[PDB]
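Down below is the structure, laid out as structure tokens.
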Amino acid sequence: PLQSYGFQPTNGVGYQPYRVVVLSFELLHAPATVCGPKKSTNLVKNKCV
Amino acid sequence: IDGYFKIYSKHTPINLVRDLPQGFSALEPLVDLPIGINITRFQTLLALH
Amino acid sequence: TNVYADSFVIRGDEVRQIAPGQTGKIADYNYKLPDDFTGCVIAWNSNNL
Amino acid sequence: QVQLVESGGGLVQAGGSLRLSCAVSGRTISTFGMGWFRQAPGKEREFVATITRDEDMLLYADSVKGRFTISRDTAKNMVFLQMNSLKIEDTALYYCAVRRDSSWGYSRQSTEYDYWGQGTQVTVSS
């Protein structure tokens with residue numbers, strides 16, 4: 001932890017700190033809570049569809 | 001059941017002082033909470049002066 | 001299934017290690033990332049400060 | 001040290017068009033996910049663009065947003081990156097998408113990919 005922070009461009013590549021919001025999904029038995037709208041479609045009528 | 005805390009309820013008027021009405025009235029659903037936590041005990045609460 | 005809103009402040013190279021079935025060198029220990037884990041990423045440039 | 005081989009290289013006319021395709025087969029981009037990234041002179045890494053399976057929207061990099069285009073084919077089983085309106089600042093080494101650790105997915109971050117082996121040297125000038 002002595003120098004785990006304070007990214008230095010001079011040395012070290014790829015360890016730049018980033019503030020990231022990460023969605024988390026799990027395969028637990030609990031019910032799901034997300035279902036995408038799919039962007040929907042126009043409501044056709046009076047025709048086979 | 002199935003991890004869904006389904007709650008069904010309905011409110012109707014009555015004209016009795018004790019016991020329950022002899023009429024019939026289905027309880028429409030209100031909300032469905034997918035909490036998914038196992039439940040084995042319950043207790044009612046009220047307001048005390 | 002089991003959608004959660006999670007956020008982290010970790011090095012850039014370890015943000016990509018949250019893919020399912022990947023044992024992140026640092027991310028996994030802080031937060032388990034087994035094959036059952038899934039989600040997305042929303043990263044922001046926090047290197048300004 | 002060995003260097004990755006990519007289609008193109010050498011002097012490139014300004015404002016022209018060129019194709020960027022990986023030549024090595026030991027570590028193909030498909031294993032780590034199709035994508036492309038370039039290393040600017042010095043030790044700076046940046047991302048250009050990638051193609052998603054949907055084919056309706058392409059992940060565009062703010063630096064070159066709306067500039068680069070990617071062609072798609074059903075049976076070619078390969079991804080070709082096409083550059084449009086090249087500039088002098090585009091001079092930078094081009095690398096094939098490879099990760100130092102096992103992973104699979106789509107992302108639009110500069111530090112998504114990195115490798116020790118150098119990439120094809122591309123010089124653009126007027």
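Methodologically, a virtual Cβ is constructed for each residue, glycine included, from the backbone with ideal geometry; neighbour enumeration extends over all protein chains shown. Bear in mind these aren't lab numbers, they're just calculated from the coordinates by the rules spelled out.
Only one of D:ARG99, D:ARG45, D:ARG67, D:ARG38 is crowded, with 19+ Cβ neighbours inside 10 Å and not in a strand (DSSP E or B); which?
D:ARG99
Could you go through the stretch D:12-26 and let me know if any residue there is free of Cβ contacts under 8 Å to residues at least 40 places away in the same chain and either crowded, with 16+ Cβ neighbours inside 10 Å or closer than 28 Å to C:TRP44 by Cα (or both).
No, that holds for no residue.
Considering only residues of the stretch D:2-15 that are in a loop (DSSP other than H, G, I, E, B) and of a type in the set (A, V, I, L, M), which is farthest from the other protein chains (Cβ to nearest Cβ)?
The residue in question is D:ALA14.
Could you pull out the residue among B:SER9, B:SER25 that is away from chain A (no Cβ under 14 Å), under 24 Å from A:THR33 (Cβ atoms) and within 17 Å of the chain's Cα centre (by Cα)?
Just one listed residue meets the conditions, B:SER9.
Assigned to a loop (DSSP other than H, G, I, E, B), away from chain C (no Cβ under 14 Å), surrounded by 12 or more Cβ atoms within 10 Å (Cβ to Cβ) and out of contact with any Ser or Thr (no Cβ under 6 Å at 6 or more places or on another chain): is that true of D:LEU81 in this structure?
No, not satisfied.
Quickly run through the stretch C:11-49 and pick out the residues that are more than 7 Å from every other protein chain (Cβ to nearest Cβ) and either buried (at least 19 other Cβ atoms within 10 Å of the Cβ) or part of a strand (DSSP E or B) (or both).
Selection gives C:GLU14, C:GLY24, C:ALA27, C:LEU33.
Give the number of residues within the stretch A:9-49 that are polar (S, T, N, Q), out of contact with any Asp or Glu (no Cβ under 7 Å at 6 or more places or on another chain) and either farther than 22 Å from D:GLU46 by Cα or more than 11 Å from every other protein chain (Cβ to nearest Cβ) (or both).
5
Look at the stretch D:109-126 and say how many of its residues are touching a helix residue (DSSP H, G or I) at 6+ places or on another chain (Cβ under 9 Å) and either surrounded by 14 or more Cβ atoms within 10 Å (Cβ to Cβ) or aliphatic (A, V, I, L, M) (or both).
Count: 8.
Can you pull out every residue in the stretch A:16-46 that is in a loop (DSSP other than H, G, I, E, B), of a type in the set (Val, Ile, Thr) and within 30 Å of C:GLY12 (Cα to Cα)?
Of everything in the stretch A:16-46, those that are in a loop (DSSP other than H, G, I, E, B), of a type in the set (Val, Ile, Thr) and within 30 Å of C:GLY12 (Cα to Cα) turn out to be A:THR33, A:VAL34.
Within the stretch D:16-32, count every residue that is among the β-branched types (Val, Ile, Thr) and either assigned to a helix (DSSP H, G or I) or under 22 Å from D:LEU86 (Cβ atoms) (or both).
Counting residues in the stretch D:16-32 that are among the β-branched types (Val, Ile, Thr) and either assigned to a helix (DSSP H, G or I) or under 22 Å from D:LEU86 (Cβ atoms) (or both) gives 2.
Could you tell me how many of the residues in the stretch D:90-126 are in contact (Cβ under 8 Å) with a residue 24 or more places away in the chain and either more than 14 Å from every other protein chain (Cβ to nearest Cβ) or under 17 Å from D:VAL24 (Cβ atoms) (or both)?
The qualifying residues number 24.
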